[PDB]
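Asker: First the structure, which I've put down as structure tokens, then a few questions once you've had a look.
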Amino acid sequence: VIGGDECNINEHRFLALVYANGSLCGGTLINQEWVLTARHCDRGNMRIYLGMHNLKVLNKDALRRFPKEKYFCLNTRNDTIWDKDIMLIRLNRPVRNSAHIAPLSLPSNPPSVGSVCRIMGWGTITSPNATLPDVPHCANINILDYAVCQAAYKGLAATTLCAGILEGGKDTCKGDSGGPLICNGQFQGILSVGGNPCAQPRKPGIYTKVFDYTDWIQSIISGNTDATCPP
Ligand SMILES: *[C@@H]1O[C@H](CO)[C@@H](O)[C@H](O)[C@H]1NC(C)=O
Ligand SMILES: *[C@@H]1O[C@H](CO)[C@@H](O)[C@H](O)[C@H]1NC(C)=O
Ligand SMILES: *[C@H]1O[C@H](CO)[C@@H](O)[C@H](O)[C@H]1NC(C)=O
Ligand SMILES: [Cl-]
């Protein structure tokens, strides 16, 4: 996250730290056994950490988990960038609520353009040139008119939200992918892609629009037929 500050230690109890072969991502604990992240974060040998804040001062209740079930969309396009960038993972063992662990459930509605959203992650705090923080950084951004992202990014995937600061300065960045966009207290986005360098004017973040995936998520977890992702 560029342009933010250290998250409050208690404000991200649902935030998962996802490490995979040569890669850092975030994710979101949506219940006691399941995490949503970006499918592009699945780079192999995934380890998912819950209840983490400082990477160097381990919370007493921090936990390591592994994928036991893994789902993503099979109706993606190839002509848009990272279409349906979402992956639903069941953890190998559940995680109970604790000081630093609690799920964030599914949104009741998508967020209005203009909504203030929180972004967070352990991704780079500088762009260009990686500077990885020990603690997750957080910033407030806004849901932007989708046309802003359409203007910035030819080949933008559908089922996404455009979010950032129109003037730039605050943004997610490399390493924050998979992490949540929280607007009006609701889990609304999973960071997928955005401009590099990050935090550029009119080059916002593209977040998979969680609301659109509610039924898919529920179908998968509640017994899964061969559930289909939203078109
Ligand atoms: C889809 O496009 C990506 C680049 O956007 C490319 O890496 C990939 O090979 C394409 N899929 C096919 C047809 O192999
Ligand atoms: C880091 O990358 C960017 C260009 O991609 C630039 O600021 C710089 O030349 C590189 N290294 C540093 C820190 O000088
Ligand atoms: C890390 O992930 C890459 C790509 O998925 C894979 O080639 C490699 O085997 C993984 N690391 C190991 C040694 O398991
Ligand atoms: Cl599907």
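By order of appearance in the structure tokens: chains A, B, ..., then residues from 1 within every chain, and ligands from 1 in the order shown.
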Quick one: residues within 12 Å of ligand 2, with only C-alpha atoms and all ligand atoms, as a PyMOL selection string?

Answerer: chain A and resi 126-131+196-198

Asker: Write out as a VMD selection string each polymer residue (protein, DNA or RNA) that has an atom no more than 10 Å from ligand 1, with only C-alpha atoms and all ligand atoms counted.

Answerer: chain A and resid 77 to 82 155

Asker: For N, CA, C and O atoms, I'd like the residues from the last selection saved as a PDB file, in the first residue's frame.

Answerer:
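Once written, result_17.pdb looks like this:
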```
ATOM      1  N   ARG A  77     -12.367 -15.360 -19.392  1.00  0.00           N
ATOM      2  CA  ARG A  77     -11.932 -14.971 -20.727  1.00  0.00           C
ATOM      3  C   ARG A  77     -10.426 -14.827 -20.716  1.00  0.00           C
ATOM      4  O   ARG A  77      -9.824 -14.666 -19.659  1.00  0.00           O
ATOM      5  N   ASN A  78      -9.826 -14.827 -21.906  1.00  0.00           N
ATOM      6  CA  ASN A  78      -8.382 -14.677 -22.066  1.00  0.00           C
ATOM      7  C   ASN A  78      -8.026 -13.286 -22.606  1.00  0.00           C
ATOM      8  O   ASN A  78      -6.875 -12.864 -22.518  1.00  0.00           O
ATOM      9  N   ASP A  79      -9.012 -12.576 -23.157  1.00  0.00           N
ATOM     10  CA  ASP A  79      -8.745 -11.250 -23.743  1.00  0.00           C
ATOM     11  C   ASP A  79      -8.826 -10.090 -22.753  1.00  0.00           C
ATOM     12  O   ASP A  79      -8.476  -8.961 -23.084  1.00  0.00           O
ATOM     13  N   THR A  80      -9.311 -10.348 -21.547  1.00  0.00           N
ATOM     14  CA  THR A  80      -9.231  -9.341 -20.494  1.00  0.00           C
ATOM     15  C   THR A  80      -8.139  -9.755 -19.509  1.00  0.00           C
ATOM     16  O   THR A  80      -7.696 -10.905 -19.515  1.00  0.00           O
ATOM     17  N   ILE A  81      -7.679  -8.817 -18.683  1.00  0.00           N
ATOM     18  CA  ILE A  81      -6.545  -9.090 -17.806  1.00  0.00           C
ATOM     19  C   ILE A  81      -7.047  -9.728 -16.524  1.00  0.00           C
ATOM     20  O   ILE A  81      -7.886  -9.152 -15.828  1.00  0.00           O
ATOM     21  N   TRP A  82      -6.539 -10.925 -16.243  1.00  0.00           N
ATOM     22  CA  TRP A  82      -6.877 -11.645 -15.020  1.00  0.00           C
ATOM     23  C   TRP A  82      -8.372 -11.617 -14.765  1.00  0.00           C
ATOM     24  O   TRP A  82      -8.847 -11.178 -13.711  1.00  0.00           O
ATOM     25  N   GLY A 155      -8.660  -3.496 -21.544  1.00  0.00           N
ATOM     26  CA  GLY A 155      -8.664  -4.931 -21.259  1.00  0.00           C
ATOM     27  C   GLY A 155      -9.005  -5.275 -19.819  1.00  0.00           C
ATOM     28  O   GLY A 155      -8.735  -6.377 -19.357  1.00  0.00           O
TER      29      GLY A 155
END
```

Asker: Using only C-alpha atoms and all ligand atoms, which residues have at least one atom no more than 7 Å from ligand 4? Output them as a list in words.

Answerer: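 Within the 7 Å cut-off, the matching residues are residues 72, 73, 74, 75, 227, 228 and 229 of chain A.
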
Asker: Could you please take those selected residues and save N, CA and C atoms as a tab-separated table (two decimals), in the first residue's frame?

Answerer:
```
chain	number	residue	atom	x	y	z
A	72	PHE	N	-11.70	-21.84	-8.21
A	72	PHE	CA	-11.65	-20.64	-9.01
A	72	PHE	C	-12.59	-20.85	-10.18
A	73	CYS	N	-12.75	-19.80	-10.98
A	73	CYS	CA	-13.73	-19.80	-12.05
A	73	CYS	C	-13.17	-20.48	-13.27
A	74	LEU	N	-14.04	-21.28	-13.90
A	74	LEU	CA	-13.69	-21.98	-15.13
A	74	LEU	C	-14.34	-21.33	-16.35
A	75	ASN	N	-14.96	-20.17	-16.16
A	75	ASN	CA	-15.61	-19.46	-17.27
A	75	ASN	C	-14.93	-18.12	-17.52
A	227	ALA	N	-20.71	-25.40	-9.20
A	227	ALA	CA	-21.09	-23.98	-9.18
A	227	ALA	C	-20.42	-23.18	-10.28
A	228	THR	N	-21.14	-22.21	-10.83
A	228	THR	CA	-20.59	-21.39	-11.89
A	228	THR	C	-20.37	-19.96	-11.41
A	229	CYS	N	-19.24	-19.39	-11.80
A	229	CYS	CA	-18.97	-18.00	-11.50
A	229	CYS	C	-19.90	-17.08	-12.27
```

Asker: Hey, which residues come within 6 Å of ligand 3 if we count only C-alpha atoms and all ligand atoms? Could you give them as a list in words?

Answerer: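 Based on only C-alpha atoms and all ligand atoms, ligand 3 is surrounded within 6 Å by residues 21, 43, 44 and 45 of chain A.
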
Asker: Would you please work out which residue, of A:167, A:214, A:135, A:36, is nearest to residue A:58 when using only C-alpha atoms?

Answerer: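 Smallest distance to residue A:58 is found for A:135.
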
Asker: Dump as a Markdown table the rows for residues of stretch 39-93 of chain A within 8 Å of stretch 172-185 of chain A: closest atom pair and distance in Å with one decimal, only C-alpha atoms counted, ordered by chain and rising residue number.

Answerer:
```
| residue | atom | partner | partner_atom | distance |
| --- | --- | --- | --- | --- |
| A:39 | CA | A:178 | CA | 7.8 |
| A:41 | CA | A:178 | CA | 6.7 |
| A:86 | CA | A:178 | CA | 7.7 |
```

Asker: As a PDB file with N, CA and C atoms, in the first residue's frame, which residues of stretch 81-195 of chain A does DSSP assign to strand (DSSP E)?

Answerer:
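As a result, states-v1.pdb now contains:
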```pdb
ATOM      1  N   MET A  87     -10.098 -16.572  -5.885  1.00  0.00           N
ATOM      2  CA  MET A  87      -9.887 -17.955  -5.547  1.00  0.00           C
ATOM      3  C   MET A  87     -10.406 -18.146  -4.150  1.00  0.00           C
ATOM      4  N   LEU A  88     -11.187 -19.206  -4.007  1.00  0.00           N
ATOM      5  CA  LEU A  88     -11.792 -19.530  -2.726  1.00  0.00           C
ATOM      6  C   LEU A  88     -11.095 -20.764  -2.193  1.00  0.00           C
ATOM      7  N   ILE A  89     -10.587 -20.642  -0.976  1.00  0.00           N
ATOM      8  CA  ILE A  89      -9.763 -21.670  -0.371  1.00  0.00           C
ATOM      9  C   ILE A  89     -10.392 -22.094   0.936  1.00  0.00           C
ATOM     10  N   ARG A  90     -10.511 -23.402   1.128  1.00  0.00           N
ATOM     11  CA  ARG A  90     -10.832 -23.905   2.448  1.00  0.00           C
ATOM     12  C   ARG A  90      -9.534 -24.256   3.124  1.00  0.00           C
ATOM     13  N   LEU A  91      -9.411 -23.797   4.361  1.00  0.00           N
ATOM     14  CA  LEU A  91      -8.200 -24.016   5.146  1.00  0.00           C
ATOM     15  C   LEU A  91      -8.162 -25.448   5.635  1.00  0.00           C
ATOM     16  N   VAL A 116     -16.107   5.497   0.689  1.00  0.00           N
ATOM     17  CA  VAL A 116     -14.771   5.390   1.239  1.00  0.00           C
ATOM     18  C   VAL A 116     -14.503   3.928   1.533  1.00  0.00           C
ATOM     19  N   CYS A 117     -13.325   3.477   1.122  1.00  0.00           N
ATOM     20  CA  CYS A 117     -12.921   2.102   1.357  1.00  0.00           C
ATOM     21  C   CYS A 117     -11.568   2.067   2.015  1.00  0.00           C
ATOM     22  N   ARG A 118     -11.359   1.042   2.814  1.00  0.00           N
ATOM     23  CA  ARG A 118     -10.060   0.762   3.369  1.00  0.00           C
ATOM     24  C   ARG A 118      -9.347  -0.251   2.489  1.00  0.00           C
ATOM     25  N   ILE A 119      -8.071   0.004   2.230  1.00  0.00           N
ATOM     26  CA  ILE A 119      -7.199  -0.992   1.633  1.00  0.00           C
ATOM     27  C   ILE A 119      -6.108  -1.329   2.634  1.00  0.00           C
ATOM     28  N   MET A 120      -5.535  -2.506   2.469  1.00  0.00           N
ATOM     29  CA  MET A 120      -4.578  -2.990   3.446  1.00  0.00           C
ATOM     30  C   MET A 120      -3.775  -4.096   2.860  1.00  0.00           C
ATOM     31  N   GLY A 121      -2.544  -4.193   3.332  1.00  0.00           N
ATOM     32  CA  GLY A 121      -1.724  -5.315   2.941  1.00  0.00           C
ATOM     33  C   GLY A 121      -0.283  -5.136   3.328  1.00  0.00           C
ATOM     34  N   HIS A 137       0.159  -2.096   5.910  1.00  0.00           N
ATOM     35  CA  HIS A 137      -0.226  -0.696   5.786  1.00  0.00           C
ATOM     36  C   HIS A 137      -1.646  -0.595   5.278  1.00  0.00           C
ATOM     37  N   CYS A 138      -2.288   0.497   5.657  1.00  0.00           N
ATOM     38  CA  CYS A 138      -3.703   0.724   5.409  1.00  0.00           C
ATOM     39  C   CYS A 138      -3.854   2.117   4.887  1.00  0.00           C
ATOM     40  N   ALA A 139      -4.838   2.300   4.020  1.00  0.00           N
ATOM     41  CA  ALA A 139      -5.163   3.619   3.532  1.00  0.00           C
ATOM     42  C   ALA A 139      -6.638   3.678   3.214  1.00  0.00           C
ATOM     43  N   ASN A 140      -7.153   4.905   3.145  1.00  0.00           N
ATOM     44  CA  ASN A 140      -8.510   5.130   2.682  1.00  0.00           C
ATOM     45  C   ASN A 140      -8.487   5.604   1.254  1.00  0.00           C
ATOM     46  N   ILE A 141      -9.291   4.929   0.448  1.00  0.00           N
ATOM     47  CA  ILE A 141      -9.479   5.302  -0.941  1.00  0.00           C
ATOM     48  C   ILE A 141     -10.973   5.317  -1.199  1.00  0.00           C
ATOM     49  N   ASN A 142     -11.337   5.473  -2.461  1.00  0.00           N
ATOM     50  CA  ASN A 142     -12.731   5.601  -2.818  1.00  0.00           C
ATOM     51  C   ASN A 142     -13.070   4.662  -3.932  1.00  0.00           C
ATOM     52  N   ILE A 143     -14.341   4.253  -3.980  1.00  0.00           N
ATOM     53  CA  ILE A 143     -14.861   3.633  -5.184  1.00  0.00           C
ATOM     54  C   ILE A 143     -14.957   4.723  -6.220  1.00  0.00           C
ATOM     55  N   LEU A 144     -14.288   4.489  -7.334  1.00  0.00           N
ATOM     56  CA  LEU A 144     -14.283   5.420  -8.435  1.00  0.00           C
ATOM     57  C   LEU A 144     -15.264   4.976  -9.497  1.00  0.00           C
ATOM     58  N   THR A 160     -15.603  -6.272 -11.636  1.00  0.00           N
ATOM     59  CA  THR A 160     -14.587  -5.588 -10.863  1.00  0.00           C
ATOM     60  C   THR A 160     -15.085  -4.232 -10.410  1.00  0.00           C
ATOM     61  N   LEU A 161     -14.454  -3.749  -9.350  1.00  0.00           N
ATOM     62  CA  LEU A 161     -14.612  -2.390  -8.873  1.00  0.00           C
ATOM     63  C   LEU A 161     -13.346  -1.615  -9.167  1.00  0.00           C
ATOM     64  N   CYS A 162     -13.529  -0.334  -9.461  1.00  0.00           N
ATOM     65  CA  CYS A 162     -12.439   0.588  -9.671  1.00  0.00           C
ATOM     66  C   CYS A 162     -12.298   1.400  -8.395  1.00  0.00           C
ATOM     67  N   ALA A 163     -11.123   1.387  -7.775  1.00  0.00           N
ATOM     68  CA  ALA A 163     -11.007   2.077  -6.499  1.00  0.00           C
ATOM     69  C   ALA A 163      -9.630   2.641  -6.332  1.00  0.00           C
ATOM     70  N   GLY A 164      -9.579   3.834  -5.779  1.00  0.00           N
ATOM     71  CA  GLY A 164      -8.319   4.522  -5.572  1.00  0.00           C
ATOM     72  C   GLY A 164      -8.642   5.949  -5.245  1.00  0.00           C
ATOM     73  N   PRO A 180      -8.283  -7.484   0.786  1.00  0.00           N
ATOM     74  CA  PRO A 180      -9.620  -6.916   0.738  1.00  0.00           C
ATOM     75  C   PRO A 180      -9.659  -5.413   0.532  1.00  0.00           C
ATOM     76  N   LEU A 181     -10.681  -5.005  -0.202  1.00  0.00           N
ATOM     77  CA  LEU A 181     -11.152  -3.641  -0.257  1.00  0.00           C
ATOM     78  C   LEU A 181     -12.427  -3.611   0.608  1.00  0.00           C
ATOM     79  N   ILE A 182     -12.391  -2.849   1.704  1.00  0.00           N
ATOM     80  CA  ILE A 182     -13.514  -2.831   2.638  1.00  0.00           C
ATOM     81  C   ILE A 182     -14.181  -1.473   2.542  1.00  0.00           C
ATOM     82  N   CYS A 183     -15.450  -1.430   2.162  1.00  0.00           N
ATOM     83  CA  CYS A 183     -16.131  -0.146   1.987  1.00  0.00           C
ATOM     84  C   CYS A 183     -17.362  -0.159   2.830  1.00  0.00           C
ATOM     85  N   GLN A 186     -17.987  -3.272   4.695  1.00  0.00           N
ATOM     86  CA  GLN A 186     -18.302  -4.481   3.922  1.00  0.00           C
ATOM     87  C   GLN A 186     -17.122  -4.913   3.073  1.00  0.00           C
ATOM     88  N   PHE A 187     -16.952  -6.226   2.949  1.00  0.00           N
ATOM     89  CA  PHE A 187     -15.942  -6.827   2.082  1.00  0.00           C
ATOM     90  C   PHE A 187     -16.405  -6.695   0.640  1.00  0.00           C
ATOM     91  N   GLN A 188     -15.840  -5.748  -0.111  1.00  0.00           N
ATOM     92  CA  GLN A 188     -16.352  -5.472  -1.451  1.00  0.00           C
ATOM     93  C   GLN A 188     -15.433  -5.862  -2.581  1.00  0.00           C
ATOM     94  N   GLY A 189     -14.131  -5.884  -2.321  1.00  0.00           N
ATOM     95  CA  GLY A 189     -13.189  -6.164  -3.391  1.00  0.00           C
ATOM     96  C   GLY A 189     -12.049  -7.054  -2.967  1.00  0.00           C
ATOM     97  N   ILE A 190     -11.510  -7.757  -3.955  1.00  0.00           N
ATOM     98  CA  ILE A 190     -10.279  -8.505  -3.804  1.00  0.00           C
ATOM     99  C   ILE A 190      -9.310  -7.876  -4.781  1.00  0.00           C
ATOM    100  N   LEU A 191      -8.188  -7.347  -4.307  1.00  0.00           N
ATOM    101  CA  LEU A 191      -7.297  -6.657  -5.237  1.00  0.00           C
ATOM    102  C   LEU A 191      -6.797  -7.611  -6.303  1.00  0.00           C
ATOM    103  N   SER A 192      -6.931  -7.178  -7.553  1.00  0.00           N
ATOM    104  CA  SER A 192      -6.435  -7.965  -8.663  1.00  0.00           C
ATOM    105  C   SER A 192      -5.229  -7.315  -9.323  1.00  0.00           C
ATOM    106  N   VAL A 193      -5.453  -6.158  -9.920  1.00  0.00           N
ATOM    107  CA  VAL A 193      -4.436  -5.542 -10.752  1.00  0.00           C
ATOM    108  C   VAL A 193      -4.514  -4.036 -10.636  1.00  0.00           C
ATOM    109  N   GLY A 194      -3.523  -3.377 -11.192  1.00  0.00           N
ATOM    110  CA  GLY A 194      -3.532  -1.935 -11.225  1.00  0.00           C
ATOM    111  C   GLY A 194      -2.273  -1.458 -11.907  1.00  0.00           C
TER     112      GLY A 194
END
```

Asker: Set the distance at 8 Å and use only C-alpha atoms: which residues neighbour residue A:49 once local chain neighbours fewer than 5 positions away are removed? I'd like the list as a PyMOL selection string.

Answerer: chain A and resi 16-18+62-65

Asker: For N, CA, C and O atoms, I'd like the residues from the last selection saved as a PDB file, in the first residue's frame.

Answerer:
```
ATOM      1  N   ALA A  16      -5.752 -12.018   5.794  1.00  0.00           N
ATOM      2  CA  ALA A  16      -4.862 -13.153   5.686  1.00  0.00           C
ATOM      3  C   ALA A  16      -3.613 -12.728   4.951  1.00  0.00           C
ATOM      4  O   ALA A  16      -3.667 -11.882   4.071  1.00  0.00           O
ATOM      5  N   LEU A  17      -2.502 -13.349   5.321  1.00  0.00           N
ATOM      6  CA  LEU A  17      -1.243 -13.159   4.647  1.00  0.00           C
ATOM      7  C   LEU A  17      -1.013 -14.424   3.844  1.00  0.00           C
ATOM      8  O   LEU A  17      -0.987 -15.513   4.400  1.00  0.00           O
ATOM      9  N   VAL A  18      -0.853 -14.274   2.531  1.00  0.00           N
ATOM     10  CA  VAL A  18      -0.750 -15.423   1.660  1.00  0.00           C
ATOM     11  C   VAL A  18       0.641 -15.420   1.034  1.00  0.00           C
ATOM     12  O   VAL A  18       1.045 -14.448   0.400  1.00  0.00           O
ATOM     13  N   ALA A  62      -1.307 -15.839  16.168  1.00  0.00           N
ATOM     14  CA  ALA A  62      -1.066 -16.059  14.740  1.00  0.00           C
ATOM     15  C   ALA A  62      -1.083 -17.547  14.410  1.00  0.00           C
ATOM     16  O   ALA A  62      -0.641 -18.386  15.199  1.00  0.00           O
ATOM     17  N   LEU A  63      -1.591 -17.861  13.222  1.00  0.00           N
ATOM     18  CA  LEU A  63      -1.750 -19.240  12.796  1.00  0.00           C
ATOM     19  C   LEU A  63      -1.277 -19.421  11.370  1.00  0.00           C
ATOM     20  O   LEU A  63      -1.454 -18.527  10.535  1.00  0.00           O
ATOM     21  N   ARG A  64      -0.708 -20.586  11.092  1.00  0.00           N
ATOM     22  CA  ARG A  64      -0.423 -20.976   9.722  1.00  0.00           C
ATOM     23  C   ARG A  64      -1.425 -22.019   9.273  1.00  0.00           C
ATOM     24  O   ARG A  64      -1.749 -22.936  10.025  1.00  0.00           O
ATOM     25  N   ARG A  65      -1.919 -21.853   8.047  1.00  0.00           N
ATOM     26  CA  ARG A  65      -2.841 -22.797   7.456  1.00  0.00           C
ATOM     27  C   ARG A  65      -2.452 -23.042   6.010  1.00  0.00           C
ATOM     28  O   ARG A  65      -1.627 -22.326   5.446  1.00  0.00           O
TER      29      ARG A  65
END
```

Asker: What separation in Å, quoted to one decimal, exists between atom CA of residue A:93 and atom CA of residue A:60?

Answerer: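 Between these atoms lies a distance of 17.8 Å.
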
Asker: Would you mind reading off the distance between atom CA of residue A:224 and atom CA of residue A:106, one decimal, in Å?

Answerer: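 Interatomic distance here is 17.2 Å.
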
Asker: Near residue A:51, counting only C-alpha atoms, which residues have an atom at most 7 Å away, once you skip same-chain residues fewer than 5 positions from it, shown as a list in words?

Answerer: residues 13, 59, 61, 62, 63, 100 and 101 of chain A

Asker: Apply DSSP to the backbone of this structure and, from stretch 10-224 of chain A, keep only the residues in helix (DSSP H, G or I); write these as number ranges by chain.

Answerer: A: 39-41, 146-152, 210-221

Asker: How would the residues just picked look written out with N, CA, C and O atoms as a PDB file, in the first residue's frame?

Answerer:
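Result file follows (again21.pdb):
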```pdb
ATOM      1  N   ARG A  39      -6.932 -15.303  -7.669  1.00  0.00           N
ATOM      2  CA  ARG A  39      -6.425 -16.547  -8.206  1.00  0.00           C
ATOM      3  C   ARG A  39      -4.991 -16.393  -8.683  1.00  0.00           C
ATOM      4  O   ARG A  39      -4.243 -17.354  -8.661  1.00  0.00           O
ATOM      5  N   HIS A  40      -4.588 -15.185  -9.068  1.00  0.00           N
ATOM      6  CA  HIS A  40      -3.207 -15.025  -9.522  1.00  0.00           C
ATOM      7  C   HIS A  40      -2.189 -15.187  -8.409  1.00  0.00           C
ATOM      8  O   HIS A  40      -0.978 -15.290  -8.660  1.00  0.00           O
ATOM      9  N   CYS A  41      -2.678 -15.226  -7.174  1.00  0.00           N
ATOM     10  CA  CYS A  41      -1.814 -15.399  -6.036  1.00  0.00           C
ATOM     11  C   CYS A  41      -1.436 -16.847  -5.857  1.00  0.00           C
ATOM     12  O   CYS A  41      -0.561 -17.148  -5.057  1.00  0.00           O
ATOM     13  N   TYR A 146     -16.344   3.559 -12.626  1.00  0.00           N
ATOM     14  CA  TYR A 146     -15.678   2.492 -13.352  1.00  0.00           C
ATOM     15  C   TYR A 146     -15.009   2.995 -14.629  1.00  0.00           C
ATOM     16  O   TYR A 146     -13.994   2.437 -15.065  1.00  0.00           O
ATOM     17  N   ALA A 147     -15.573   4.055 -15.219  1.00  0.00           N
ATOM     18  CA  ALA A 147     -15.013   4.647 -16.433  1.00  0.00           C
ATOM     19  C   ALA A 147     -13.588   5.135 -16.246  1.00  0.00           C
ATOM     20  O   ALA A 147     -12.822   5.213 -17.190  1.00  0.00           O
ATOM     21  N   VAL A 148     -13.217   5.453 -15.016  1.00  0.00           N
ATOM     22  CA  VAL A 148     -11.850   5.871 -14.757  1.00  0.00           C
ATOM     23  C   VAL A 148     -10.906   4.706 -15.027  1.00  0.00           C
ATOM     24  O   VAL A 148      -9.872   4.875 -15.668  1.00  0.00           O
ATOM     25  N   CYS A 149     -11.269   3.521 -14.544  1.00  0.00           N
ATOM     26  CA  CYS A 149     -10.460   2.333 -14.797  1.00  0.00           C
ATOM     27  C   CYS A 149     -10.510   1.904 -16.255  1.00  0.00           C
ATOM     28  O   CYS A 149      -9.513   1.421 -16.788  1.00  0.00           O
ATOM     29  N   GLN A 150     -11.664   2.074 -16.893  1.00  0.00           N
ATOM     30  CA  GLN A 150     -11.791   1.764 -18.317  1.00  0.00           C
ATOM     31  C   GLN A 150     -10.878   2.640 -19.142  1.00  0.00           C
ATOM     32  O   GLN A 150     -10.294   2.165 -20.116  1.00  0.00           O
ATOM     33  N   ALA A 151     -10.763   3.912 -18.760  1.00  0.00           N
ATOM     34  CA  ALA A 151      -9.887   4.856 -19.453  1.00  0.00           C
ATOM     35  C   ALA A 151      -8.420   4.487 -19.250  1.00  0.00           C
ATOM     36  O   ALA A 151      -7.610   4.574 -20.187  1.00  0.00           O
ATOM     37  N   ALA A 152      -8.088   4.077 -18.027  1.00  0.00           N
ATOM     38  CA  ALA A 152      -6.711   3.757 -17.655  1.00  0.00           C
ATOM     39  C   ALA A 152      -6.245   2.401 -18.179  1.00  0.00           C
ATOM     40  O   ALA A 152      -5.060   2.218 -18.471  1.00  0.00           O
ATOM     41  N   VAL A 210     -16.582  -8.585  -5.062  1.00  0.00           N
ATOM     42  CA  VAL A 210     -17.001  -9.713  -4.236  1.00  0.00           C
ATOM     43  C   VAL A 210     -18.498  -9.946  -4.294  1.00  0.00           C
ATOM     44  O   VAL A 210     -18.941 -11.084  -4.356  1.00  0.00           O
ATOM     45  N   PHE A 211     -19.266  -8.856  -4.254  1.00  0.00           N
ATOM     46  CA  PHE A 211     -20.720  -8.977  -4.265  1.00  0.00           C
ATOM     47  C   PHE A 211     -21.206  -9.895  -5.393  1.00  0.00           C
ATOM     48  O   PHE A 211     -22.112 -10.698  -5.202  1.00  0.00           O
ATOM     49  N   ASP A 212     -20.583  -9.781  -6.564  1.00  0.00           N
ATOM     50  CA  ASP A 212     -21.021 -10.547  -7.738  1.00  0.00           C
ATOM     51  C   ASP A 212     -20.850 -12.041  -7.548  1.00  0.00           C
ATOM     52  O   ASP A 212     -21.506 -12.848  -8.229  1.00  0.00           O
ATOM     53  N   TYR A 213     -19.933 -12.400  -6.652  1.00  0.00           N
ATOM     54  CA  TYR A 213     -19.538 -13.778  -6.441  1.00  0.00           C
ATOM     55  C   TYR A 213     -20.225 -14.424  -5.251  1.00  0.00           C
ATOM     56  O   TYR A 213     -19.893 -15.557  -4.918  1.00  0.00           O
ATOM     57  N   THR A 214     -21.169 -13.715  -4.620  1.00  0.00           N
ATOM     58  CA  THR A 214     -21.836 -14.227  -3.434  1.00  0.00           C
ATOM     59  C   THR A 214     -22.413 -15.602  -3.687  1.00  0.00           C
ATOM     60  O   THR A 214     -22.183 -16.540  -2.923  1.00  0.00           O
ATOM     61  N   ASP A 215     -23.193 -15.724  -4.751  1.00  0.00           N
ATOM     62  CA  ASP A 215     -23.879 -16.984  -4.980  1.00  0.00           C
ATOM     63  C   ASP A 215     -22.908 -18.112  -5.288  1.00  0.00           C
ATOM     64  O   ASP A 215     -23.111 -19.240  -4.845  1.00  0.00           O
ATOM     65  N   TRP A 216     -21.840 -17.795  -6.012  1.00  0.00           N
ATOM     66  CA  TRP A 216     -20.831 -18.776  -6.320  1.00  0.00           C
ATOM     67  C   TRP A 216     -20.158 -19.251  -5.033  1.00  0.00           C
ATOM     68  O   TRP A 216     -20.012 -20.449  -4.793  1.00  0.00           O
ATOM     69  N   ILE A 217     -19.766 -18.290  -4.201  1.00  0.00           N
ATOM     70  CA  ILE A 217     -19.134 -18.615  -2.933  1.00  0.00           C
ATOM     71  C   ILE A 217     -20.053 -19.492  -2.092  1.00  0.00           C
ATOM     72  O   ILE A 217     -19.651 -20.536  -1.594  1.00  0.00           O
ATOM     73  N   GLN A 218     -21.305 -19.068  -1.951  1.00  0.00           N
ATOM     74  CA  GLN A 218     -22.231 -19.826  -1.141  1.00  0.00           C
ATOM     75  C   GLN A 218     -22.469 -21.205  -1.719  1.00  0.00           C
ATOM     76  O   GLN A 218     -22.597 -22.167  -0.982  1.00  0.00           O
ATOM     77  N   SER A 219     -22.568 -21.300  -3.037  1.00  0.00           N
ATOM     78  CA  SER A 219     -22.841 -22.600  -3.643  1.00  0.00           C
ATOM     79  C   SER A 219     -21.693 -23.536  -3.359  1.00  0.00           C
ATOM     80  O   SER A 219     -21.900 -24.677  -2.975  1.00  0.00           O
ATOM     81  N   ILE A 220     -20.476 -23.025  -3.487  1.00  0.00           N
ATOM     82  CA  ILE A 220     -19.298 -23.863  -3.264  1.00  0.00           C
ATOM     83  C   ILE A 220     -19.219 -24.359  -1.831  1.00  0.00           C
ATOM     84  O   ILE A 220     -18.999 -25.548  -1.590  1.00  0.00           O
ATOM     85  N   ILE A 221     -19.384 -23.447  -0.881  1.00  0.00           N
ATOM     86  CA  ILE A 221     -19.185 -23.782   0.524  1.00  0.00           C
ATOM     87  C   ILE A 221     -20.338 -24.594   1.079  1.00  0.00           C
ATOM     88  O   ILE A 221     -20.133 -25.478   1.917  1.00  0.00           O
TER      89      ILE A 221
END
```

Asker: For each of A:52, A:2, A:207, A:169, take the minimum atom-to-atom distance to residue A:99, counting only C-alpha atoms, then give the residue where this is smallest.

Answerer: A:52

Asker: In terms of the shortest atom-to-atom distance over only C-alpha atoms, which of A:154, A:66, A:20, A:3 is closest to residue A:168?

Answerer: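 Closest to residue A:168 of all the choices is A:3.
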
Asker: Go through A:98, A:170, A:222, A:133 and flag the residue nearest residue A:200, using only C-alpha atoms for the distances.

Answerer: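 Using only C-alpha atoms, residue A:200 sits closest to A:170.
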